[PDB]
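Structure assessment
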Amino acid sequence: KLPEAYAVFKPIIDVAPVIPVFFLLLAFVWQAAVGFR
Amino acid sequence: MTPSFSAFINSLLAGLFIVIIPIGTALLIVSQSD
Amino acid sequence: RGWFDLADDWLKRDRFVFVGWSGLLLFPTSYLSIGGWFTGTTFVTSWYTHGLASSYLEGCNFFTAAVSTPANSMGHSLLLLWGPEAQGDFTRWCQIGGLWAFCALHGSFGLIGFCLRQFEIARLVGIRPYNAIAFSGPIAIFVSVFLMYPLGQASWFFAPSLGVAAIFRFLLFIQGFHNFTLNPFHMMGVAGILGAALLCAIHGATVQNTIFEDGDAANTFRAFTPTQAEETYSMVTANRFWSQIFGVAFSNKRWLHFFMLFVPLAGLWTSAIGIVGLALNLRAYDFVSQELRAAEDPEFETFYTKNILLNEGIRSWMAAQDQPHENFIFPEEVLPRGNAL
Amino acid sequence: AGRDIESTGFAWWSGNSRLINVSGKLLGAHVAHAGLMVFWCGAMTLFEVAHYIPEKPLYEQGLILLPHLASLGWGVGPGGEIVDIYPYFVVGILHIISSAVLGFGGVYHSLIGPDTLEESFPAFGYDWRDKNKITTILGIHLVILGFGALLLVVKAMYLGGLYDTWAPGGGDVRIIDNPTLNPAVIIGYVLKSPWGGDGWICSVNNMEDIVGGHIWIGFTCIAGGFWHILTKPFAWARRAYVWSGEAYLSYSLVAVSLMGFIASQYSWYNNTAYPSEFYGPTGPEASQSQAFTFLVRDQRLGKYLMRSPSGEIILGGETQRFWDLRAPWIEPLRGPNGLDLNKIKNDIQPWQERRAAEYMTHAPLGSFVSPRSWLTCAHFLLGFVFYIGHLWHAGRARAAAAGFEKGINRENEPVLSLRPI
Amino acid sequence: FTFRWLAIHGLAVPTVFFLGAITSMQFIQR
Amino acid sequence: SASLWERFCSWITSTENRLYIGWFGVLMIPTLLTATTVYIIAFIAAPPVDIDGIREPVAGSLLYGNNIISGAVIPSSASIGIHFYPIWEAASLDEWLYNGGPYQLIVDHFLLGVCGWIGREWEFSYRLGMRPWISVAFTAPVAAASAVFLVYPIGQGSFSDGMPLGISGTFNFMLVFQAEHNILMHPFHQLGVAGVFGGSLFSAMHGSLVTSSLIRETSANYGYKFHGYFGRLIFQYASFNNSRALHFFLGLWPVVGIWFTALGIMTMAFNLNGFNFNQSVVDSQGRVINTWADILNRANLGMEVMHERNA
Amino acid sequence: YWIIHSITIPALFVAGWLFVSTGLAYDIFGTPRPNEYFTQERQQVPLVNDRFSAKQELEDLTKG
Amino acid sequence: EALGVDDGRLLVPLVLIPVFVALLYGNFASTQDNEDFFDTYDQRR
Amino acid sequence: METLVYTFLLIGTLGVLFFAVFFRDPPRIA
Amino acid sequence: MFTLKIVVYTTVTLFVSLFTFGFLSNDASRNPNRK
Amino acid sequence: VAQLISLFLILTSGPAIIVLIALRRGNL
Amino acid sequence: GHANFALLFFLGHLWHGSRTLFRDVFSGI
Ligand code: CLA
Ligand code: CLA
Ligand code: CLA
Ligand SMILES: CC1=CCCC(C)(C)[C@H]1/C=C/C(C)=C/C=C/C(C)=C/C=C/C=C(C)/C=C/C=C(C)/C=C/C1=C(C)CCCC1(C)C
Ligand SMILES: CC1=CCCC(C)(C)[C@H]1/C=C/C(C)=C/C=C/C(C)=C/C=C/C=C(C)/C=C/C=C(C)/C=C/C1=C(C)CCCC1(C)C
Ligand SMILES: CC1=CCCC(C)(C)[C@H]1/C=C/C(C)=C/C=C/C(C)=C/C=C/C=C(C)/C=C/C=C(C)/C=C/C1=C(C)CCCC1(C)C
Ligand SMILES: [Cl-]
Ligand SMILES: [Cl-]
Ligand SMILES: [Fe+2]
Ligand SMILES: [Mn+2]
Ligand SMILES: [Mn+2]
């Protein structure tokens, strides 16, 4: 388990591994906003 | 006339008054209207 | 003009969705078949026909939910809602598997309506009706598998149930009880399907890799205009390529497209012939010479004999739960096994 | 503008292809992707530490980075048991913080930084056709890789050593005092057969060989980096390769595809660089452990043995196919002829029995998805798809060099000049 | 009340009903 | 031209030979011809092979009692495993034949030949000045062949688990794979089935649409010298107005499907099996209510209990 | 219009939810509840045996 | 074990054949313009 | 004896392939 | 067994050397757009 | 709830940059 | 035999009906 002090931030640590996927999606969002130009 | 024969004739009518008669009504109604 | 003329004019109107005369048969039948399949996979159980749970309501997912075939007590009955089996009771009609008959019949009529729709639309655009002849392949598949096979068997029970895992069961059941892989017509069907996939992939790659440089952009999808009298790809370059890579190549675009049409259609029709043969248990199950050789020579073994043993194991270990109406009870001693051999 | 199909010829779904001829934005994209990789490393390490249950082993909790950290010797005691997870937390924190710096660098060099580098920073600019500059960059990054390999060597020999499964009485964190620097062993490993019984480089079964090979790799990479910095490609190399960004990309793609296949085989078969106390037993290891447990339960309270195709004594049954397995819990029971029955009867240890039973319980090939299975499947798939990418990018690089990647010229089609066959 | 309108609502009113039914099925005890 | 080696290069890479050789053809032709002749000789006369390794050989040759359907080149002996087994690594030619060595020979030379075929397709595309991605399309059947012939034996640890070079042997491979791994419930085999079915559907559709709209220039095939219908059959939006995009999709769909099914075979080689929905429905009392997945599992168990042929 | 949809669609979704939550789906379609797969007298799988007495047989099977 | 060479005689084919063919290539290579080109590929042949 | 028939059919098919490859109708531009 | 091995090694080495030195002989220049 | 809130904030942070750039009419 | 014949003759009905109803456009459009 996490060291006890940092155990409160577990809910961030439980979502952080999937962040790069959102980055990919974010790129598409930028291409959507730009109008796929 | 067995209950089976009655079910068959009622089946014939329901097809006429629920499928054949309504759907055509629309075709004659809407075709004549346009 | 006459009512017919006015109705024909209205049905032929250029709307978002062509209706036509064939629509009067296609739209209600197809809509009812699809809705009945959704209703069966969502609410209707198979507990009283197959001894199984096949609904989202019972806890099944997309793979395990199915509209199961009627009970083996029904025979080849039409299972009309007003018929003597159900007598107008919707609940009993759903419990006995009548929704499968509903879906199958209205879906067969929907396939007929869609074929007529292809014919009608081809007659209006002014083109040859090579659609609705290609669709005769899927029509024959559906007729042979979902209609002719159960009609040749004991009842509708042995037809495929409308589900993913149900279709997989049907595949393994047919393999176990018929050895359908050994059937030459099924082999021709497999050849047709795989060759059609090969033709699709190879033709797409060949066209994409022989395009003319009709644009200055690196992405070449823009260099094709919708009304293009000139050809967008080099047939001569593609011919030379395959002539010198494979040894033979297409030189006629017409023939090539007719061949790409013909291969899957011929495969499907051959597989339909094989399934029609299976409908009467007239199966290419075994080779008599190989069986005689294995009987008089215990040291003679081929992969065909191993397949026979696998089919026997499939039948013996799936009969009890796949056909609960027969009340099969097989002791562990008579169940085939590899160690038991 | 350079950010649309009108000015570049590339659509949005091929939009990063617009980065080929602009250096600053390409550098920013690479630094941003590096930041993404470091962020994933740190975040996944924190995720695994946060879900680590002390009683369960590492391989029973679906963890793949903690075994990598345990192989390096951090937070592991004798027998593969995990003492504390704090160094793993430190590793995750350091990676996830350096990810912020790398991401800022990528964003800066991508968005606001100069599009091209040679007009403002001539020491960093390039043309994809200046062979000397590209070889210089290759040599610098080769020196970096060699220094990384030497850093692993220093960790192995000086800073706490590395975990060794082949230590007596179970694995332990050991300092690699004398690595194998003899070139014959390394060359034989590189030139070994890849088939069953030999295994090529996957079959390295001791830490000394690993450390010596990494010494050789680091020094060779440093020497080659200095070479490529101080030299230019020769005449045979210049006429053989396409000199463009896409060609170099394809070369890297096929290299990493081969590396992915090698790593998948390493995770599936090797139990020295991938200890079974962290990654779980291999499939052959699990099968042989089940057979050995049955043999032990037959000896207590012969059946279970047969002869190999070369005549040696091996475990009998469906395991016979896995007689090439070498595992620490079974090596003391194996003699020159093969496994020895009296040595199993007498010279057996309780820890070997415990290892055999616990590996029998958890079988990748089947006696629970093994972490070895996940690593092997993932990196085999990655190797295959990157071979596909190499083929695509190499073919397109060849076509673009020649000038026919956009289609055939109607004015002068080549086939039309060739005589018919 | 057009053919597109009638076809859409024929393919929408059961769709939403079945979506609600399946969402309710998701919270059954099992 | 100016050199003997230059002349040799200008003949290996000549576009005038009836069939292109090329450099990939320098490796492809010997390997493919060797595998072809060894396969023919084995399919007619090979001795029976002890595939299981327990001294009960299995016959797959025409001369030992097999027909075209039942004939196969039996995979290598389970005692061999995935050890390299050439002719010179066997004590005698008889023992080489007895342990399934010709299977390894054919498989290795055939894989080298199909890799050479991929490279040769690229090479002739480059020689003709056309685009090079036909080989990318051909990678998918090559990937499938390597998965069923090389990758699966590597993951399982024995060439005896590879697909036999026959028809009934292929069926046995499919049945044993379904028993052991439940490939039907694997999403990648489902993607492959979708790929092949879509390929057949799209080939038939494209052929029907091209043949239907043939311009009257005339057999109708002699009319050739060496969208509205589709948008009315379905709603207007679903239509491939761009011919190049349509052909790209035609190339893409089955290739992607076969790639996915080959990847699924590779993953199941390392025991990344299909979905398991067994015993997914229970009543209040705890009794298991069977589904179609349970019937599928019963069939898989029936197949598996007669593969062991041992404890 | 949108306003209409903003009332009709949620009401229809709630009706679909209540069709299952109130147990009306089981009654309408005959799907057994999780507590009524096996009765005390019949611990076996219930199967229809005759086609012309199927309604009465199902009434007998589902009576308990 | 290296390259499956268990008998020294196997090294004779392994070395003499690559050298001999290189000798044929040496003549192609010497008949060429081996000056640098500054392009994606060398069209001089 | 059926092995003779099988071998004859296989070589006939291979010969048909050979003649189709090396004795095809030569394509020409019309 | 040795003679078959040496023959196979000779043949494989010859073909691999031909492949390697053929793709080293400025293969990119062997395209129809080359001047 | 904490996981959902953190996920929502992280998912908002991405498009928020694009929205702010569009509001300031920068190089998007 | 007659089931297979009936299926093949359904195919024949489709083909010959298409031939007679779309005769004008048979050589092509
Ligand atoms: C990880 C993968 C990756 C990377 C590193 C890049 C990087 C880049 N792309 Mg590529 N791209 C990608 C994936 C990627 N892309 C994918 C998947 C697609 C397909 C949808 C594209 C499609 C595409 C096109 C079509 C184009 C690019 C272009 C570019 C460049 C500038 C983009 C721009 O103008 O930003 C504008 C975007 C914004 C202003 C909004 C995003 C703002 C930042 C980046 C968000 C970052 C969030 C992060 C948490 C901030 C950290 C702060 C830090 C202090 C910690 C840049 C080098 C362009 C270019 O330069 O071509 C010459 C171009 O034309 N790309
Ligand atoms: C990522 C690292 C990297 C990269 C991209 C390059 C790239 C290059 N090098 Mg450099 N080099 C490197 C590392 C690297 N080198 C290192 C570490 C060294 C030190 C040994 C050298 C020493 C070196 C010299 C001395 C020369 C090059 C040359 C070249 C060029 C042509 C190379 C060629 O055609 O290969 C040819 C490849 C072979 C002939 C294959 C040899 C394989 C050996 C026998 C080992 C076999 C292993 C195994 C059995 C087979 C591989 C299996 C695989 C799965 C690992 C090219 C620009 C040449 C050049 O033109 O530059 C001046 C040149 O003369 N390099
Ligand atoms: C280090 C590796 C690497 C690098 C730098 C490049 C770089 C490039 N490639 Mg290559 N490529 C690679 C690997 C690589 N590729 C591999 C491994 C493959 C095989 C799959 C390909 C196949 C390939 C093709 C077929 C093409 C390129 C193209 C390109 C160019 C534009 C890429 C672009 O805009 O992306 C845009 C990014 C996207 C459209 C996003 C795609 C998202 C994928 C499909 C999802 C995959 C699953 C995902 C990872 C899971 C996340 C789940 C999420 C969706 C929820 C660029 C030069 C194109 C080009 O212009 O050629 C020069 C082109 O046509 N590449
Ligand atoms: C998430 C996801 C992932 C992958 C992509 C994806 C697939 C798109 C997506 C899925 C999304 C999903 C989950 C999509 C699912 C959408 C659903 C569940 C649509 C349900 C529609 C129900 C209909 C049409 C029933 C009509 C009833 C009728 C006709 C009654 C018939 C009657 C019967 C019974 C017989 C008696 C007579 C009558 C009265 C006629
Ligand atoms: C201390 C502490 C104790 C324990 C708990 C704790 C909280 C976890 C820890 C905190 C650690 C901390 C505070 C860690 C710090 C973590 C942070 C803030 C990491 C952020 C990294 C940013 C990256 C990788 C962005 C790169 C930009 C990209 C890829 C943009 C690309 C784009 C380009 C260029 C253009 C458009 C396309 C796209 C793709 C959109
Ligand atoms: C962990 C960490 C450490 C501690 C500090 C910290 C800062 C709090 C943190 C860092 C956090 C970081 C680095 C956070 C950065 C987070 C990011 C980059 C979030 C991006 C979110 C974008 C989404 C979800 C787009 C969804 C679009 C969809 C689904 C649709 C797209 C569609 C469009 C429109 C176009 C059509 C195609 C499709 C694809 C259909
Ligand atoms: Cl078997
Ligand atoms: Cl066992
Ligand atoms: Fe076409
Ligand atoms: Mn196996
Ligand atoms: Mn088995």
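Residues numbered from 1 in each chain as written, not as in the entry; some residues may be left out. Chains lettered and ligands numbered in written order. Part of a larger assembly, values for the part shown. Heavy atoms only, no water.

- Per the deposition metadata, cryo-EM was the technique used to determine this entry, at a resolution of 2.17 Å.

**Topic: the interface of chain D and chain F**
- Each partner contributes residues to the interface: chain D has 40 residues there, and chain F has 42 residues.
- Carbon and sulfur atoms supply 69% of the area buried between chain D and chain F, which totals about 3,800 Å² over both sides.
- Taking the shortest distance from any N to any O, the salt bridge between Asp161 of chain F and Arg321 of chain D comes out at 2.4 Å.
- Joining chain D to chain F, the criterion identifies nine residue pairs in polar contact.
- Those elements that provide at least two residues to the side of chain D that touches chain F are α9 (245-269), α14 (371-402) and α15 (414-417) of chain D.
- Among the elements that take part in the side of chain D that touches chain F, α14 of chain D stands out by supplying 17 residues, more than any other.
- Looking at side-chain class alone, the side of chain D that touches chain F contains 27 nonpolar, seven polar and six charged residues. (Contact = heavy atoms within 4.5 Å. Buried area = accessible area lost by both parts, 1.4 Å probe. Salt bridge = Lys/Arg side-chain N within 4 Å of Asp/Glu carboxyl O. Polar contact = N/O pair within 3.5 Å; in protein donor to acceptor, adjacent residues only side chain to side chain. Helix = DSSP H or I, 4+ residues; strand = E, 2+ residues; numbered from the N terminus. Nonpolar A, V, L, I, M, F, W, Y, C, P; charged D, E, K, R; others polar.)

**Here's the deal with the site of ligand 3**
- Around ligand 3, the structure places 17 residues, and the nearest of them are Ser14, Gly15, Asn16, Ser17 and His393 of chain D.
- More than a single chain frames ligand 3: its nearby residues are located in chains A and D.
- Here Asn16 of chain D contributes a backbone N or O atom positioned 3.1 Å from an oxygen atom of ligand 3.
- Separating an oxygen atom of ligand 3 from a side-chain N or O atom of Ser17 of chain D is a distance of 2.6 Å.
- Per element, the largest residue contribution to the shell around ligand 3 is six residues, and it comes from α14 of chain D.
- Split into classes, the residues belonging to the shell around ligand 3 amount to nine nonpolar, six polar and two charged. (Near = heavy atom within 4 Å.)

**Side note on the coordination of the manganese ion (ligand 10)**
- Binding of the manganese ion (ligand 10) to the protein goes through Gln156 of chain F (OE1) and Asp161 of chain F (OD), at separations of 2.5 to 2.7 Å. The exposure classification of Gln156 of chain F matches that of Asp161 of chain F, with both residues buried. (Donors = N, O, S within 2.8 Å, 3.2 Å for Na, K, Ca; no water. Buried < 20%, exposed > 50% of the residue type's maximum accessible area, 1.4 Å probe, protein only.)

**Concerning the site of ligand 6**
- As a structural note, the neighbourhood of ligand 6 is formed by 15 residues, with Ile19, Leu26 and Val29 of chain A, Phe39 of chain D together with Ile10 of chain K the closest of them.
- More than one chain lines the surroundings of ligand 6; the residues nearby belong to chains A, D and K.
- Protein chains shield 57% of the accessible area of ligand 6, which is 980 Å² for the free molecule.
- Among the secondary structure elements, those contributing two or more residues to the shell around ligand 6 are α2 (19-33) of chain A together with α1 (2-24) of chain K.
- With seven residues, α2 of chain A is the single largest residue contributor to the shell around ligand 6.
- Its residues assigned to classes, the shell around ligand 6 shows 13 nonpolar, two polar and no charged. (Areas by Shrake-Rupley, 256 points an atom, 1.4 Å probe, with all protein chains shown as cover.)

**Things to note about the coordination of the manganese ion (ligand 11)**
- Summarising the metal site, the manganese ion (ligand 11) is bound by the protein donors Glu304 of chain F (OE) and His307 of chain F (ND1), whose distances to it range over 2.0 to 2.3 Å.
- Judged by its relative accessible area of 30%, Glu304 of chain F is partly exposed.

**Regarding helix α1 (residues 2-21) of chain G**
- The end-to-end C-alpha distance of α1 of chain G, which contains 20 residues, comes to 28 Å, matching closely the 28 Å that a straight helix rising 1.5 Å per residue would cover.
- By the burial criterion, the buried members of α1 of chain G are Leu12, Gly16, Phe19 and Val20 of chain G. End-on view of α1 of chain G: buried residues confined to an arc of 90 degrees, all on one side of the axis. For α1 of chain G, exposure combined with an orientation more than 90 degrees from the buried face picks out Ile3, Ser6 and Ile7 of chain G.
- Residues of α1 of chain G that are buried make contact with α2 (13-26) of chain E together with α2 (24-29) of chain G.
- Two residues or fewer past α1 of chain G, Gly23 of chain G is found with a positive phi of approximately 80 degrees. (Expected span 1.5 Å × (residues − 1). Arc of directions from axis to C-beta.)

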